[PDB]
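Peer 1: Let me start by giving you these chains from the complex, positioned as in the assembled structure:
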Amino acid sequence: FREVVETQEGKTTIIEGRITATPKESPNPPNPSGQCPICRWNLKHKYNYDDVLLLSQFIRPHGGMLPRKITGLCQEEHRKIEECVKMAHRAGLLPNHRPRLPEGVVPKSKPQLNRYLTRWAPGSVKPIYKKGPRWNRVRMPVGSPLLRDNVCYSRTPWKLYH
Amino acid sequence: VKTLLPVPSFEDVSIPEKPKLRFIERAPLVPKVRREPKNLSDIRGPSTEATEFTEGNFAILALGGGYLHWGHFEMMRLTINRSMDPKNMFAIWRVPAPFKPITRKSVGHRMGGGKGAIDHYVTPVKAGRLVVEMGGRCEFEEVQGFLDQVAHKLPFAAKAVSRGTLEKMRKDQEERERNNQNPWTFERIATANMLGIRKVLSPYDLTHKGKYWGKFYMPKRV
Amino acid sequence: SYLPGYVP
Amino acid sequence: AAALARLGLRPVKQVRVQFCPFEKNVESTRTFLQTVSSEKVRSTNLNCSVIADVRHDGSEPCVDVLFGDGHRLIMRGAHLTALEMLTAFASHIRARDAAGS
Amino acid sequence: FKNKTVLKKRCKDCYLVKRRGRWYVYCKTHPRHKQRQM
Amino acid sequence: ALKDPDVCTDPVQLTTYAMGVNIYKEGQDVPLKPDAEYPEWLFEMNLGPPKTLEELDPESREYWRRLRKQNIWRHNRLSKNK
Amino acid sequence: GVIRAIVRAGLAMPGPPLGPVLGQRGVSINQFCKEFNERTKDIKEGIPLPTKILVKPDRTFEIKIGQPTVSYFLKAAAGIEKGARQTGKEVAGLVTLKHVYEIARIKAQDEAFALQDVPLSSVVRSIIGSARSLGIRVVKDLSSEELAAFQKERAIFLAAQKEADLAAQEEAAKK
Amino acid sequence: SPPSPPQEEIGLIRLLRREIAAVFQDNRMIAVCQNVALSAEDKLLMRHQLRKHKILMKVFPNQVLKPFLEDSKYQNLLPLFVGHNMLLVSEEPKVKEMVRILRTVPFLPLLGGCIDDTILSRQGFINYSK
Amino acid sequence: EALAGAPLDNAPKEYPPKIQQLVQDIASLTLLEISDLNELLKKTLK
C-alpha cells in the first residue's frame, strides 16, 4: 500500500509517496479457476452482514468501500459486500473504521439504539402511521434482497419484510 | 486507432409521392342506419390480420385490445407528420377508418325505452396488430423516439418495433416455452380438463393458453 | 492445506 | 486543465518540472506538465513562468513551485499521481491567494 | 422544487442524487431545473 | 451598392488569358502556357464526382477519410431527432 | 479577441456591416477605412478581400489582409457574373485546368495555405471542390469554338429564368 | 470464459507500420518531443518554422508505435513513449536550427532522439549541435 | 540487433568497444604505412 506525507520546514512544503508492506493472498486457493476472490474460496452464498473478517478486506480505514477494479470482484458480489458493510457499520461491528473527524469536532451524545439488519439509513425513514389492511399491509424491510439466494439451512426461507 | 465500421446504404429505397399519413374521417362516407351489438370479441384474443410487415421496416405494435376513435387518429397523424422527415421517410395506415357504430342514450334517462342513437364510430384492434408502419432511408433509433411517444398515448399497451426486434421477440418467447423447467403448463391442464378446471375456464382458453385475459395480453406467460 | 471443497 | 484554469495561476511566480524520460516512474510528472503547459492555464497569468528541464542522471523527478509570497512547494512525483500532484497544487493556490489578499 | 414522477435532466449541469430516501435533481446554473421525486 | 467588378466576356480572350488571376491595376493579365510546361499531375486529377468507397484502396488514407465521414453523417442523423 | 471578415478592396464603409462590429470593440472605425483604403489602393476596387483584425488591450488594431476569395477568381476566369442558383442540375460557367493552376499559384501565397507548407497539388484539389459549389465545371480541353456555344446557350437559359422569375413577381402582386 | 475470438487487423494499422518504417529508415535524425497543449496557431506557426529548415513533425499512436519498437533496433526508445509525444525528423541533422526554435517555448522538452542509428539524450543533442 | 541505451550525463565517458580495436590497430602500423594510408584518405574524403 502507498502512503502520502507532508513535512513543512522553513515555510517550505515537501510531499512524498512511500510504499508500505502489502498483504499477500493466502496460497493454495481451493478453486484456482474462480474469477473473483469469492468463488476462488467457495464463499459464494455463504457470508452475511456479520462476517466482518471477510468484509474488512474490501473496505478502507475509514469505513468506505474499495473499487471493483482493484479488489477484482464481480459486480454481483461487489454489490452484496457494499450492502453488508452498510449494515455492519449500522450494527456497531466496525468500531475501528469510523469516519475522519476534522480538527475541532466532538461528536454529540445521541440516543444509543442497538440495531441489526438495517437496510435503510435511519434518518431517511419515516414512521408507518397507517399500517393498512391485511391485504395491503405496509411492511417493514428487514435485511436485503441481494442476499435472498444465500444458503438457508431451514425450511422457512429468508423473510425480508416484517 | 478507433475502428470505424461500414454503414448501410439506403440509395436503393424509394419514397412515395404522398409519404405523410392521409386524413381519416370521423364517420364513413355513407352513415349507417342499422344499429349493431356490442360484440366485444372483436378486441379479444390474438389478431389474425396485419401481423406482418408489408412495405416498411418500423411500426407500432399493439400489446392489447381496444377501440380507436377519431381523436386517436389525429394524435398519431399530427405527431408523426410533424416529427418525421418527408424526404427520407414515409408512413401508412395499417388500420381502417372508424366503421363500428357506438350508440349512446341521452343524459338522465332510465333503463329501457329501446336502444340508443349512433353517437360515434370506432376501429376495433386486437393484440399483435400493427397500427402504423413506417420506412425509408432511416435507422430505427430515429423513429423510435416519437413512435414510443405515440404508443404511450394509445388506449392500449403498444410499443415501437422493427423487423428485427419483432422477430427476436417471437423467437425469445419460443425459447422460453422450450427451456421451461416447469412440467405443468396451462395448455396441458386445460386441454385435458385436469382437476375439472374447465368449470372455471372459458372455451377460448383452449386456444389462448392463458396468455390473454379479456383484452389484456401477458407476454411473460408461456 | 486446502481441499477443493474447503470453505473458510 | 479545466479544473486548474477556473482557479488561475495568480499567486504563482515560477514553476519548474524536472524528470528523466528514460526512467519508468515519470509518467505522473509528464502528465502534470501536460496540463500546466496548456494555453488555458498559462493564459491566466502570463507573468507566471513554466520551465521544463530534462535530465538523464538517473535521479527522481520533482516539481518546484515558486510563489510571490516567497513560499515554496515541492512534490516528488515518483510515487504520486497527476491528480494528487494537481490537487495539492490547487489547495496551495487557494491558501496563498487568500493570505496575500 | 417541482414534484415529478419522472425525473429528467434539462441541461448538462443537472445532476441526480439520492437524498432523504428519494431522488432529486439539482442545478447550480439554472435553479429552475430542480425536481423532487413524487 | 458594393458589387463585384465587371468581368469581361470574350471567348478568345478568356481561353488565351486568365482574367481573375491578376489583381493589380498596373499589372497585366497572365497568359496561359502550353501543355508541356505545366506539371504532369495536373491532367490526371478527379474532374468528376468523388470516388465511391468500393473504388478506393483499404490500405490508403483516402479510404478511411470517406468511411469516417460517413459515420459522422450517421451520428448526425440519429442525433437530429433527439 | 480577433475579428475576421471579407471587405471589398478600396470600398471600406464606416457603416454596417463592419461598422457596428468595431463599435462594440471600441476601435476607431474611421481609422480602419483610412488605413485599409490606403493599403488596398493598388488593388482593383470592389474585390472581396478576407480581412483579419488583431485587437490589443488598448483598443489598438493591426489589420491583416489576405488574397481574394476563390469565388472571385473562378467567376472571372469563366466570365460568369453570378454563380448558379442550383448546383449539379445546371452548369453556369466553364473553365480549364490551366486557369485552376494559375489561381492556385496565387492563392497558395495566402496566410492559410502558406503556413501549412503544402504542395500545389493540395491547393488545386481544393479549388475544384469550390468550383462545383458554384456550378462551374472543370474541363481538360476548352477551345473558343465550344466556349462560345456554351456561353451562347447559357444566355437563353438566363432569359427563361427572367420570364419565370418575373411571372412569380407579377403573380405576387395579384395576391 | 472462452477466449475472445481474434480479429483481423484494421487496414490503417498495417498502413501506419509501413509509414513508420520509412521514418526510421529514410531520415537519420529523429528527435522525440512531448506534444504539449500549444494553441493550434502557436503549433502551426512553430511547425512552419521547422519546415523552413526541412524538419518534419510527425505524430503516430503509441499503441502502434510501441509494438514496432519492442521488436526492432530502436527497442530502447520505448520508455519515452508515455503520453502525448511527437517525432521531429529530417533527412539531414539540423539539430542546431531546431533547438533555437525550441528555446522560445521553455515548456517544450526535447526528451531524446536517435541520430545515425545512435540513441541520445537531450544533453547529447545540445552537444552534437555545438 | 538492439542499440544500447544512452549513457548517463554524469557517468564517465564509456567509449564504444568496436572502436577500441581500431584505436589499437593504428598504433601497430608504421608511420610510412600510416602516411600512405593518409594520402589516400585525404583524397578519398574530398
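Peer 2: Looks like it came in fine. Numbers count the residues shown, from 1 in each chain, chains lettered A, B, ... in the order given.
Peer 1: C-alpha from now on. contacts and neighbour counts both.
Peer 2: Will do.
Peer 1: Can you name the residue of chain C nearest chain B?
Peer 2: Distances between chain C and chain B by C-alpha to the nearest C-alpha are smallest at residue C:5, namely 28.5 Å.
Peer 1: Tell me the residues on chain I that lie near chain H, please.
Peer 2: I:1-6, I:9 (C-alpha under 8 Å from any C-alpha of the partner chain).
Peer 1: how about CSV for the residues you listed, with distance to residue B:52 and secondary structure added?
Peer 2: What follows is those, written out as CSV (distance: C-alpha to C-alpha, whole Å; DSSP: H, G, I helix; E, B strand; the rest coil):
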residue, distance to residue B:52, secondary structure
I:1, 67, coil
I:2, 67, coil
I:3, 69, coil
I:4, 71, coil
I:5, 70, coil
I:6, 72, coil
I:9, 78, coil
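Peer 1: so residue B:159 bridges to which residues?
Peer 2: residue B:61 (DSSP bridges).
Peer 1: wait, what's in contact with it?
Peer 2: Contact partners of residue B:159, counting by C-alpha atoms under 8 Å, 6 or more residues apart in numbering or on different chains, are B:60-63, B:147-148, B:151-152.
Peer 1: which two from those residues end up farthest apart in space?
Peer 2: Farthest apart among those by C-alpha to C-alpha are B:63 and B:147. That separation is 14.3 Å.
Peer 1: Comparing these two, which residue is more hemmed in?
Peer 2: residue B:147 (24 against 21; other C-alpha atoms under 10 Å in any protein chain shown).
Peer 1: hmm, the helix or strand hosting that one in reach of chain E?
Peer 2: Using DSSP states H and E, residue B:147 maps to helix B:140-152. No: judged by C-alpha under 8 Å from any C-alpha, helix B:140-152 makes no contact with chain E; its nearest approach is 14.2 Å.
Peer 1: what sits up against that helix?
Peer 2: Helix B:140-152 is contacted from outside by B:58-60, B:75-76, B:79-80, B:83-84, B:157-162, F:77-79, F:81-82, using C-alpha under 8 Å, 6+ apart.
Peer 1: tack on RNA strand J:
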RNA sequence: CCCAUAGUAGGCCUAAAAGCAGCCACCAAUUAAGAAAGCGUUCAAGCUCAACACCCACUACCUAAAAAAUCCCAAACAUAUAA
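Peer 2: This next block brings in RNA strand J, placed alongside the chains you saw above:
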C-alpha cells in the same frame, strides 16, 4: 475525461442569411475535425457534439406516485435439517 486550425462569409434567395429562416450541392487542406447534430446572434460573435491524440467512462436502455373525514390496528419474527 480530452480537444478544436483551415479553402469559405460554399452557391442562390435576401435589407441582411457568415456551420444552424429557406432551395442546390455536400466537395476538399492538415496525421486529425459534419459546407454542420444541439444551443445562441437583428446579421455576426460565442458555448457544445461528432474528429485526432491520450488510454480502458471499459454502465442500464426490462418496471417509476399518491390524499378524507370517531381511533393505527392482532402481538411478533429474517439462520437448528418438509414435517
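Peer 1: Just say helix, strand or coil for the most centrally placed residue in chain H.
Peer 2: When C-alpha atoms, centre = their mean is applied to chain H, the residue found nearest the centroid is residue H:87 (2.0 Å). The three-state label given to residue H:87 by DSSP: H, G, I helix; E, B strand; the rest coil is strand.
Peer 1: My guess is it contacts residue H:32. True?
Peer 2: Yes: between residue H:87 and residue H:32 a contact is recorded at 4.9 Å, counting by C-alpha atoms under 8 Å.
Peer 1: how many other residues sit next to residue A:121?
Peer 2: 12.
Peer 1: Hmm, I typed the wrong one, I wanted residue A:96.
Peer 2: 10.
Peer 1: mind listing what it touches?
Peer 2: By C-alpha under 8 Å, 6+ apart, the contact set of residue A:96 is A:61-62.
Peer 1: so it sits in a strand?
Peer 2: No: Residue A:96: not assigned to a strand; according to three-state DSSP it is coil.
Peer 1: for it, phi and psi?
Peer 2: phi -100, psi 10 (degrees, to the nearest 10).
Peer 1: so how far is stretch H:24-44 off the chain centroid?
Peer 2: Its chain's average C-alpha position is 6 Å from that of stretch H:24-44, according to C-alpha atoms, centre = their mean, to the nearest Å.
Peer 1: List the buried residues of it.
Peer 2: H:24, H:28-38 (16 or more other C-alpha atoms under 10 Å in any protein chain shown).
Peer 1: Next, format those as CSV and append secondary structure and distance to residue D:41.
Peer 2: Formatted as CSV, the buried residues of stretch H:24-44 follow (DSSP: H, G, I helix; E, B strand; the rest coil; distance: C-alpha to C-alpha, whole Å):
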residue, secondary structure, distance to residue D:41
H:24, helix, 35
H:28, coil, 36
H:29, strand, 33
H:30, strand, 30
H:31, strand, 27
H:32, strand, 24
H:33, strand, 21
H:34, strand, 18
H:35, coil, 16
H:36, coil, 12
H:37, coil, 10
H:38, coil, 11
